[PDB]
Structure formats: C-alpha cells, structure tokens
$ cat upload-v8.csv   # CSV, N, CA and C atoms
chain,number,residue,atom,x,y,z
A,21,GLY,N,127.1,35.3,-49.3
A,21,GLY,CA,127.4,34.3,-48.2
A,21,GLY,C,126.7,34.2,-46.9
A,22,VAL,N,125.7,35.0,-46.6
A,22,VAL,CA,125.2,35.2,-45.2
A,22,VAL,C,123.6,34.9,-45.0
A,23,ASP,N,123.0,35.7,-44.1
A,23,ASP,CA,121.5,35.7,-43.8
A,23,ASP,C,121.0,37.2,-43.5
A,24,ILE,N,119.8,37.4,-43.2
A,24,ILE,CA,119.1,38.7,-42.9
A,24,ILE,C,118.5,39.2,-44.3
A,25,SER,N,117.6,40.2,-44.3
A,25,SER,CA,117.2,40.9,-45.5
A,25,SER,C,117.6,42.4,-45.4
A,26,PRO,N,118.4,43.0,-46.3
A,26,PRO,CA,118.8,44.5,-46.2
A,26,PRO,C,117.7,45.6,-46.2
A,27,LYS,N,116.6,45.4,-45.6
A,27,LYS,CA,115.4,46.3,-45.5
A,27,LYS,C,114.5,45.9,-44.3
A,28,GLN,N,114.0,44.6,-44.3
A,28,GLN,CA,113.2,44.1,-43.1
A,28,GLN,C,114.1,43.5,-42.0
A,29,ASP,N,115.3,43.0,-42.3
A,29,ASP,CA,116.3,42.4,-41.3
A,29,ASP,C,116.1,40.8,-41.0
A,30,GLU,N,114.9,40.3,-41.2
A,30,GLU,CA,114.6,38.9,-41.1
A,30,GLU,C,114.7,37.9,-42.3
A,31,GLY,N,114.4,38.5,-43.5
A,31,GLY,CA,114.0,37.7,-44.7
A,31,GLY,C,114.6,36.4,-45.2
A,32,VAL,N,115.9,36.6,-45.6
A,32,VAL,CA,116.6,35.4,-46.3
A,32,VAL,C,118.1,35.6,-46.1
A,33,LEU,N,118.9,35.2,-47.2
A,33,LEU,CA,120.3,35.4,-47.4
A,33,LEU,C,121.0,34.1,-47.9
A,34,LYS,N,122.3,34.0,-48.4
A,34,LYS,CA,122.7,32.8,-49.1
A,34,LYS,C,124.2,32.5,-49.2
A,35,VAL,N,124.5,31.2,-48.9
A,35,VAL,CA,125.9,30.7,-48.8
A,35,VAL,C,126.5,30.4,-50.2
A,36,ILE,N,127.6,31.1,-50.5
A,36,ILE,CA,128.3,30.9,-51.9
A,36,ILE,C,129.3,29.8,-51.9
A,37,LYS,N,129.2,29.0,-52.9
A,37,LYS,CA,130.2,27.8,-53.2
A,37,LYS,C,131.0,28.0,-54.5
A,38,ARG,N,130.2,28.1,-55.7
A,38,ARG,CA,130.8,28.3,-57.0
A,38,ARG,C,130.2,29.7,-57.6
A,39,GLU,N,130.9,30.9,-57.4
A,39,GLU,CA,130.4,32.1,-58.0
A,39,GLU,C,130.3,32.1,-59.6
A,40,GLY,N,129.6,33.1,-60.3
A,40,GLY,CA,129.4,33.0,-61.7
A,40,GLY,C,130.5,33.2,-62.8
A,41,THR,N,130.1,33.0,-64.0
A,41,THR,CA,131.0,33.1,-65.2
A,41,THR,C,130.6,34.5,-65.9
A,42,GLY,N,129.3,34.5,-66.4
A,42,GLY,CA,128.7,35.8,-66.8
A,42,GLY,C,128.3,36.6,-65.6
A,43,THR,N,129.1,37.6,-65.3
A,43,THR,CA,129.0,38.5,-64.1
A,43,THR,C,127.6,39.2,-63.8
A,44,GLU,N,126.8,39.3,-64.9
A,44,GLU,CA,125.4,39.9,-64.7
A,44,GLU,C,124.4,39.0,-63.9
A,45,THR,N,123.4,39.7,-63.3
A,45,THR,CA,122.3,39.2,-62.5
A,45,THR,C,120.9,39.4,-63.2
A,46,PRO,N,119.8,38.7,-62.8
A,46,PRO,CA,118.5,38.9,-63.4
A,46,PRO,C,117.8,40.2,-63.0
A,47,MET,N,117.0,40.9,-63.9
A,47,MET,CA,116.3,42.1,-63.6
A,47,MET,C,114.8,41.8,-63.1
A,48,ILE,N,114.1,42.7,-62.5
A,48,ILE,CA,112.7,42.4,-62.0
A,48,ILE,C,111.7,42.1,-63.2
A,49,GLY,N,111.0,41.0,-63.0
A,49,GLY,CA,110.2,40.4,-64.1
A,49,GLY,C,110.9,39.7,-65.3
A,50,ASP,N,112.2,39.3,-65.2
A,50,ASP,CA,112.9,38.6,-66.3
A,50,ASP,C,112.8,37.0,-66.1
A,51,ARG,N,112.9,36.3,-67.2
A,51,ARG,CA,112.8,34.8,-67.2
A,51,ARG,C,114.1,34.1,-66.8
A,52,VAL,N,114.1,33.3,-65.7
A,52,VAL,CA,115.3,32.6,-65.2
A,52,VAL,C,115.1,31.0,-65.2
A,53,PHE,N,116.1,30.3,-65.7
A,53,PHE,CA,116.1,28.8,-65.9
A,53,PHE,C,117.0,28.3,-64.7
A,54,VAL,N,116.3,28.1,-63.6
A,54,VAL,CA,116.9,27.6,-62.3
A,54,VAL,C,116.8,26.1,-62.2
A,55,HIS,N,117.4,25.6,-61.2
A,55,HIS,CA,117.1,24.3,-60.7
A,55,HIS,C,117.4,24.4,-59.1
A,56,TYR,N,116.5,23.8,-58.4
A,56,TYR,CA,116.6,23.9,-56.9
A,56,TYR,C,116.6,22.4,-56.2
A,57,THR,N,117.2,22.3,-55.0
A,57,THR,CA,117.0,21.2,-54.0
A,57,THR,C,116.5,22.0,-52.8
A,58,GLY,N,115.6,21.4,-51.9
A,58,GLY,CA,115.1,22.1,-50.7
A,58,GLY,C,114.8,21.2,-49.5
A,59,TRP,N,115.0,21.7,-48.3
A,59,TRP,CA,114.9,21.1,-47.0
A,59,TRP,C,114.1,22.0,-46.0
A,60,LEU,N,113.4,21.3,-45.0
A,60,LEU,CA,112.9,22.0,-43.8
A,60,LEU,C,114.0,22.2,-42.8
A,61,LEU,N,113.8,23.0,-41.8
A,61,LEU,CA,114.8,23.2,-40.7
A,61,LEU,C,115.3,22.0,-39.9
A,62,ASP,N,114.4,20.9,-39.7
A,62,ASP,CA,114.8,19.6,-39.1
A,62,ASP,C,115.8,18.7,-40.0
A,63,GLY,N,116.2,19.2,-41.2
A,63,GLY,CA,117.0,18.4,-42.2
A,63,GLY,C,116.2,17.3,-42.9
A,64,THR,N,115.1,17.7,-43.4
A,64,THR,CA,114.1,16.8,-44.1
A,64,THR,C,114.0,17.3,-45.6
A,65,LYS,N,114.3,16.5,-46.5
A,65,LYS,CA,114.3,16.8,-48.0
A,65,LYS,C,112.8,16.8,-48.5
A,66,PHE,N,112.0,17.9,-48.4
A,66,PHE,CA,110.6,17.9,-49.0
A,66,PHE,C,110.6,18.0,-50.6
A,67,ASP,N,111.6,18.6,-51.2
A,67,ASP,CA,111.5,18.9,-52.7
A,67,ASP,C,112.9,19.0,-53.4
A,68,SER,N,112.9,18.6,-54.7
A,68,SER,CA,114.0,18.7,-55.6
A,68,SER,C,113.5,18.6,-57.1
A,69,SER,N,113.6,19.7,-57.8
A,69,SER,CA,113.0,19.7,-59.2
A,69,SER,C,113.6,18.7,-60.3
A,70,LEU,N,114.9,18.4,-60.3
A,70,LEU,CA,115.5,17.5,-61.3
A,70,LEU,C,114.8,16.0,-61.3
A,71,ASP,N,114.5,15.5,-60.1
A,71,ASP,CA,113.8,14.3,-59.9
A,71,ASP,C,112.4,14.1,-60.6
A,72,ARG,N,111.6,15.2,-60.8
A,72,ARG,CA,110.3,15.3,-61.5
A,72,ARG,C,110.5,15.6,-63.1
A,73,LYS,N,111.5,14.9,-63.7
A,73,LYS,CA,111.8,14.9,-65.2
A,73,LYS,C,112.7,16.1,-65.7
A,74,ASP,N,112.5,17.3,-65.2
A,74,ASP,CA,113.3,18.5,-65.7
A,74,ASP,C,113.7,19.5,-64.6
A,75,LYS,N,114.3,20.6,-65.1
A,75,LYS,CA,114.8,21.8,-64.3
A,75,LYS,C,113.6,22.7,-63.7
A,76,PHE,N,113.9,23.7,-62.9
A,76,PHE,CA,112.8,24.7,-62.5
A,76,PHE,C,112.9,26.0,-63.4
A,77,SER,N,111.9,26.8,-63.4
A,77,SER,CA,111.8,28.0,-64.2
A,77,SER,C,110.7,29.0,-63.8
A,78,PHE,N,111.0,30.3,-63.7
A,78,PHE,CA,110.0,31.3,-63.3
A,78,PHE,C,110.3,32.7,-64.0
A,79,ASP,N,109.5,33.7,-63.6
A,79,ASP,CA,109.6,35.1,-64.1
A,79,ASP,C,109.9,35.9,-62.7
A,80,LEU,N,111.1,36.5,-62.5
A,80,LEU,CA,111.5,37.1,-61.3
A,80,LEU,C,110.4,38.0,-60.5
A,81,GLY,N,109.9,37.6,-59.3
A,81,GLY,CA,108.9,38.3,-58.5
A,81,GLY,C,107.5,38.4,-59.1
A,82,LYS,N,106.9,37.4,-59.7
A,82,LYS,CA,105.5,37.5,-60.3
A,82,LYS,C,104.4,36.8,-59.6
A,83,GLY,N,104.5,36.5,-58.3
A,83,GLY,CA,103.5,35.6,-57.6
A,83,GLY,C,103.8,34.1,-57.6
A,84,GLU,N,104.3,33.7,-58.8
A,84,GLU,CA,104.8,32.4,-59.2
A,84,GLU,C,105.7,31.6,-58.1
A,85,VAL,N,106.5,32.2,-57.3
A,85,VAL,CA,107.5,31.6,-56.4
A,85,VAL,C,107.2,32.1,-54.9
A,86,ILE,N,108.3,32.2,-54.2
A,86,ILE,CA,108.3,32.9,-52.9
A,86,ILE,C,109.1,34.2,-53.0
A,87,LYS,N,108.8,35.1,-52.1
A,87,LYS,CA,109.5,36.4,-51.9
A,87,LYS,C,111.0,36.3,-51.5
A,88,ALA,N,111.3,35.2,-50.7
A,88,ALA,CA,112.7,34.8,-50.5
A,88,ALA,C,113.4,34.4,-51.8
A,89,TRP,N,112.8,33.8,-52.8
A,89,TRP,CA,113.4,33.6,-54.1
A,89,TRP,C,113.6,34.9,-54.9
A,90,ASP,N,112.6,35.8,-55.0
A,90,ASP,CA,112.9,37.2,-55.6
A,90,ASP,C,114.0,38.0,-55.0
A,91,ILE,N,114.3,38.0,-53.7
A,91,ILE,CA,115.4,38.6,-53.0
A,91,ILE,C,116.8,37.9,-53.4
A,92,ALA,N,116.9,36.6,-52.9
A,92,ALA,CA,118.1,35.8,-53.2
A,92,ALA,C,118.4,35.5,-54.7
A,93,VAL,N,117.4,35.3,-55.6
A,93,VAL,CA,117.6,35.0,-57.0
A,93,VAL,C,118.0,36.4,-57.8
A,94,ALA,N,117.4,37.5,-57.4
A,94,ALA,CA,117.9,38.9,-57.9
A,94,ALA,C,119.4,39.1,-57.6
A,95,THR,N,120.0,38.6,-56.5
A,95,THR,CA,121.4,38.6,-56.2
A,95,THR,C,122.2,37.4,-56.8
A,96,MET,N,121.7,36.5,-57.7
A,96,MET,CA,122.4,35.3,-58.3
A,96,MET,C,122.9,35.6,-59.8
A,97,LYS,N,124.2,35.3,-60.0
A,97,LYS,CA,124.9,35.4,-61.4
A,97,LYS,C,124.7,34.3,-62.4
A,98,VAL,N,125.0,34.5,-63.7
A,98,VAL,CA,124.9,33.4,-64.7
A,98,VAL,C,125.8,32.1,-64.4
A,99,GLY,N,125.3,30.9,-64.3
A,99,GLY,CA,126.3,29.7,-64.0
A,99,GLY,C,126.6,29.6,-62.5
A,100,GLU,N,126.1,30.4,-61.5
A,100,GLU,CA,126.5,30.4,-60.1
A,100,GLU,C,125.8,29.2,-59.3
A,101,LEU,N,126.4,28.8,-58.2
A,101,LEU,CA,125.9,27.7,-57.2
A,101,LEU,C,126.0,28.2,-55.7
A,102,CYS,N,124.9,28.2,-55.1
A,102,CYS,CA,124.8,28.6,-53.6
A,102,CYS,C,123.6,27.9,-52.8
A,103,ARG,N,123.5,28.1,-51.5
A,103,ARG,CA,122.4,27.6,-50.7
A,103,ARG,C,121.7,28.7,-49.9
A,104,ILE,N,120.4,28.9,-50.2
A,104,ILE,CA,119.5,29.8,-49.6
A,104,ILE,C,119.1,29.4,-48.2
A,105,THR,N,119.0,30.4,-47.3
A,105,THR,CA,118.5,30.2,-45.9
A,105,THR,C,117.4,31.2,-45.8
A,106,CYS,N,116.1,30.7,-45.7
A,106,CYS,CA,114.9,31.6,-45.8
A,106,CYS,C,114.0,31.5,-44.5
A,107,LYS,N,113.4,32.7,-44.2
A,107,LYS,CA,112.5,32.8,-43.0
A,107,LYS,C,111.0,33.0,-43.5
A,108,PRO,N,110.0,32.3,-42.8
A,108,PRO,CA,108.6,32.4,-43.2
A,108,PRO,C,107.9,33.7,-43.6
A,109,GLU,N,108.3,34.9,-43.2
A,109,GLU,CA,107.7,36.2,-43.7
A,109,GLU,C,107.9,36.4,-45.2
A,110,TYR,N,109.1,36.0,-45.7
A,110,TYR,CA,109.4,36.0,-47.2
A,110,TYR,C,109.0,34.6,-47.8
A,111,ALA,N,108.5,33.5,-47.1
A,111,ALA,CA,108.3,32.2,-47.6
A,111,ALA,C,106.9,31.5,-47.3
A,112,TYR,N,106.8,30.3,-46.6
A,112,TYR,CA,105.5,29.6,-46.3
A,112,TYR,C,104.9,30.0,-44.9
A,113,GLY,N,105.3,31.2,-44.2
A,113,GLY,CA,104.6,31.6,-42.9
A,113,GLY,C,103.1,32.0,-43.0
A,114,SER,N,102.8,33.0,-43.7
A,114,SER,CA,101.3,33.4,-43.9
A,114,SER,C,100.5,32.5,-45.0
A,115,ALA,N,100.8,31.2,-45.0
A,115,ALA,CA,100.2,30.3,-45.9
A,115,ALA,C,100.4,28.7,-45.6
A,116,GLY,N,101.7,28.3,-45.6
A,116,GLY,CA,102.0,26.8,-45.4
A,116,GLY,C,102.1,26.1,-46.8
A,117,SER,N,103.1,25.3,-47.0
A,117,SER,CA,103.2,24.5,-48.2
A,117,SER,C,102.3,23.3,-48.2
A,118,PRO,N,101.3,23.2,-49.2
A,118,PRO,CA,100.2,22.1,-49.2
A,118,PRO,C,100.4,20.6,-48.5
A,119,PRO,N,101.5,19.8,-48.8
A,119,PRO,CA,101.6,18.4,-48.2
A,119,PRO,C,102.0,18.3,-46.7
A,120,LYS,N,102.7,19.2,-46.0
A,120,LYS,CA,103.1,19.1,-44.6
A,120,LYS,C,103.7,20.4,-43.8
A,121,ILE,N,104.0,21.5,-44.5
A,121,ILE,CA,104.6,22.7,-43.8
A,121,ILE,C,103.6,23.6,-43.0
A,122,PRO,N,103.8,23.8,-41.6
A,122,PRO,CA,102.8,24.7,-40.9
A,122,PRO,C,103.2,26.2,-41.0
A,123,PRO,N,102.4,27.2,-40.5
A,123,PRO,CA,102.7,28.7,-40.6
A,123,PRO,C,103.8,29.3,-39.8
A,124,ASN,N,104.8,28.5,-39.1
A,124,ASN,CA,105.9,29.0,-38.4
A,124,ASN,C,107.1,28.0,-38.4
A,125,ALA,N,107.8,27.7,-39.5
A,125,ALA,CA,108.9,26.7,-39.6
A,125,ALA,C,110.0,27.3,-40.5
A,126,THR,N,111.3,27.3,-40.1
A,126,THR,CA,112.5,27.8,-40.9
A,126,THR,C,112.7,26.9,-42.2
A,127,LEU,N,113.2,27.5,-43.4
A,127,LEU,CA,113.2,26.8,-44.7
A,127,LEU,C,114.7,27.0,-45.3
A,128,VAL,N,114.9,26.0,-46.3
A,128,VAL,CA,116.3,25.9,-46.9
A,128,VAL,C,116.2,25.5,-48.4
A,129,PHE,N,116.9,26.2,-49.3
A,129,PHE,CA,116.9,25.8,-50.8
A,129,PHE,C,118.3,25.9,-51.4
A,130,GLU,N,118.9,24.8,-52.0
A,130,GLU,CA,120.2,24.9,-52.7
A,130,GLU,C,119.9,25.1,-54.2
A,131,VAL,N,120.3,26.3,-54.7
A,131,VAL,CA,119.9,26.7,-56.1
A,131,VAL,C,121.2,26.7,-57.0
A,132,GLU,N,121.0,26.2,-58.2
A,132,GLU,CA,122.0,26.3,-59.3
A,132,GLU,C,121.2,27.1,-60.5
A,133,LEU,N,121.7,28.3,-60.7
A,133,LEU,CA,121.1,29.1,-61.8
A,133,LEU,C,122.0,29.0,-63.1
A,134,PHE,N,121.3,28.5,-64.2
A,134,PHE,CA,122.0,28.2,-65.5
A,134,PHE,C,122.1,29.6,-66.3
A,135,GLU,N,121.0,30.3,-66.6
A,135,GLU,CA,121.0,31.6,-67.4
A,135,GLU,C,119.6,32.3,-67.3
A,136,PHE,N,119.5,33.6,-67.6
A,136,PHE,CA,118.2,34.4,-67.5
A,136,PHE,C,118.0,35.3,-68.7
A,137,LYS,N,118.6,36.5,-68.6
A,137,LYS,CA,118.7,37.5,-69.8
A,137,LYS,C,119.8,37.0,-70.8
A,138,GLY,N,119.4,36.0,-71.5
A,138,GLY,CA,120.2,35.2,-72.5
A,138,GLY,C,119.5,33.8,-72.8
$ encode --input "upload-v8.csv" --output "structure tokens"
Amino acid sequence: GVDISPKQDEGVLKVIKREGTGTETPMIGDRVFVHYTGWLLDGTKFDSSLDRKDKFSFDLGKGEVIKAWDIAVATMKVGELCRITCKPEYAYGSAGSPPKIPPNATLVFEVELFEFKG
C-alpha cells in the first residue's frame, strides 16, 4: 500500500485495491501476463496497453521494462489490482521515455496482473 524502496529508500511502492486469489507472487526471470495504465506526475495519461489491441507481457527483471516494475511486480499476487508510484532512479531518470518524458519527472502506473507461474 505505500511508497519508498526497502534497500535504496527512494525507488517505488504501491497502493492496494483488490488483493489476489492465488496467494503466490512471480520469481526472478519468470513470464508475467500484465496489463498497465500510466500517468506522469502532472495527471497526464501518456500510456495504456489495452488501447493498442491487447494486454502487456514481460520476463521479470530482464532489461525489457523498468526497475520500478521488477520491484513492485515481484510483490504482486495472481489476479491482484493496485497503483504503482515510481521515482526516476528505478524508471525514466537516467534516460527519458522517447515521445515527451525528461531526465527528472515523477511517474505513475495502475497495474492488473492476470497470472505468471501458471
């Protein structure tokens, strides 16, 4: 339900709405069938995966996503619903997202995780 990272203290953290059915969580390098909505800190909707024909999907912590997703998606159960609050050290700070994000802006993603190790 909160914010901070339990090692660096800045990184991420996540607001719970609907907790899971299958109590298990994903392991490092496992395949997860996610779907996300996402906003910048000014309340601007830059991205939502369902709109582009289908759901989202990655392999936990493989370069593929952001480090804020490897921390908060490692803590996500089968069927769960929450909202991620992320900081640029774990996200777009040392890079910037291609269409409009600069190297120092706060970030937001509402994630629904369907299933992973199953």
$ atom_distance --input "upload-v8.csv" --atom1 "atom CA of residue A:106" --atom2 "atom N of residue A:33"
5.6 Å
$ select_by_dssp --input "upload-v8.csv" --residues "stretch 25-132 of chain A" --states "alpha helix (DSSP H)" --output "ChimeraX atom specification"
/A:87-94
$ residues_around --input "upload-v8.csv" --residues "residue A:107" --least-positions-apart "5" --cutoff "10 Å" --atoms "only C-alpha atoms" --output "PDB file with N, CA and C atoms, in the coordinates of the input"
ATOM      1  N   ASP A  23     123.000  35.700 -44.100  1.00  0.00           N
ATOM      2  CA  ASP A  23     121.500  35.700 -43.800  1.00  0.00           C
ATOM      3  C   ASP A  23     121.000  37.200 -43.500  1.00  0.00           C
ATOM      4  N   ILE A  24     119.800  37.400 -43.200  1.00  0.00           N
ATOM      5  CA  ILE A  24     119.100  38.700 -42.900  1.00  0.00           C
ATOM      6  C   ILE A  24     118.500  39.200 -44.300  1.00  0.00           C
ATOM      7  N   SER A  25     117.600  40.200 -44.300  1.00  0.00           N
ATOM      8  CA  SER A  25     117.200  40.900 -45.500  1.00  0.00           C
ATOM      9  C   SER A  25     117.600  42.400 -45.400  1.00  0.00           C
ATOM     10  N   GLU A  30     114.900  40.300 -41.200  1.00  0.00           N
ATOM     11  CA  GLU A  30     114.600  38.900 -41.100  1.00  0.00           C
ATOM     12  C   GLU A  30     114.700  37.900 -42.300  1.00  0.00           C
ATOM     13  N   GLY A  31     114.400  38.500 -43.500  1.00  0.00           N
ATOM     14  CA  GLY A  31     114.000  37.700 -44.700  1.00  0.00           C
ATOM     15  C   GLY A  31     114.600  36.400 -45.200  1.00  0.00           C
ATOM     16  N   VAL A  32     115.900  36.600 -45.600  1.00  0.00           N
ATOM     17  CA  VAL A  32     116.600  35.400 -46.300  1.00  0.00           C
ATOM     18  C   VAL A  32     118.100  35.600 -46.100  1.00  0.00           C
ATOM     19  N   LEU A  33     118.900  35.200 -47.200  1.00  0.00           N
ATOM     20  CA  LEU A  33     120.300  35.400 -47.400  1.00  0.00           C
ATOM     21  C   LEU A  33     121.000  34.100 -47.900  1.00  0.00           C
ATOM     22  N   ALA A  88     111.300  35.200 -50.700  1.00  0.00           N
ATOM     23  CA  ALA A  88     112.700  34.800 -50.500  1.00  0.00           C
ATOM     24  C   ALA A  88     113.400  34.400 -51.800  1.00  0.00           C
ATOM     25  N   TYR A 112     106.800  30.300 -46.600  1.00  0.00           N
ATOM     26  CA  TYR A 112     105.500  29.600 -46.300  1.00  0.00           C
ATOM     27  C   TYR A 112     104.900  30.000 -44.900  1.00  0.00           C
ATOM     28  N   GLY A 113     105.300  31.200 -44.200  1.00  0.00           N
ATOM     29  CA  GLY A 113     104.600  31.600 -42.900  1.00  0.00           C
ATOM     30  C   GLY A 113     103.100  32.000 -43.000  1.00  0.00           C
ATOM     31  N   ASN A 124     104.800  28.500 -39.100  1.00  0.00           N
ATOM     32  CA  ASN A 124     105.900  29.000 -38.400  1.00  0.00           C
ATOM     33  C   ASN A 124     107.100  28.000 -38.400  1.00  0.00           C
ATOM     34  N   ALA A 125     107.800  27.700 -39.500  1.00  0.00           N
ATOM     35  CA  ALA A 125     108.900  26.700 -39.600  1.00  0.00           C
ATOM     36  C   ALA A 125     110.000  27.300 -40.500  1.00  0.00           C
ATOM     37  N   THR A 126     111.300  27.300 -40.100  1.00  0.00           N
ATOM     38  CA  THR A 126     112.500  27.800 -40.900  1.00  0.00           C
ATOM     39  C   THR A 126     112.700  26.900 -42.200  1.00  0.00           C
ATOM     40  N   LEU A 127     113.200  27.500 -43.400  1.00  0.00           N
ATOM     41  CA  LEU A 127     113.200  26.800 -44.700  1.00  0.00           C
ATOM     42  C   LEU A 127     114.700  27.000 -45.300  1.00  0.00           C
ATOM     43  N   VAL A 128     114.900  26.000 -46.300  1.00  0.00           N
ATOM     44  CA  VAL A 128     116.300  25.900 -46.900  1.00  0.00           C
ATOM     45  C   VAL A 128     116.200  25.500 -48.400  1.00  0.00           C
TER      46      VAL A 128
END
$ atom_distance --input "upload-v8.csv" --atom1 "atom CA of residue A:138" --atom2 "atom CA of residue A:52"
9.2 Å
$ residues_around --input "upload-v8.csv" --residues "residue A:95" --least-positions-apart "3" --cutoff "8 Å" --atoms "only C-alpha atoms" --output "PyMOL selection string"
chain A and resi 45-46+91-92
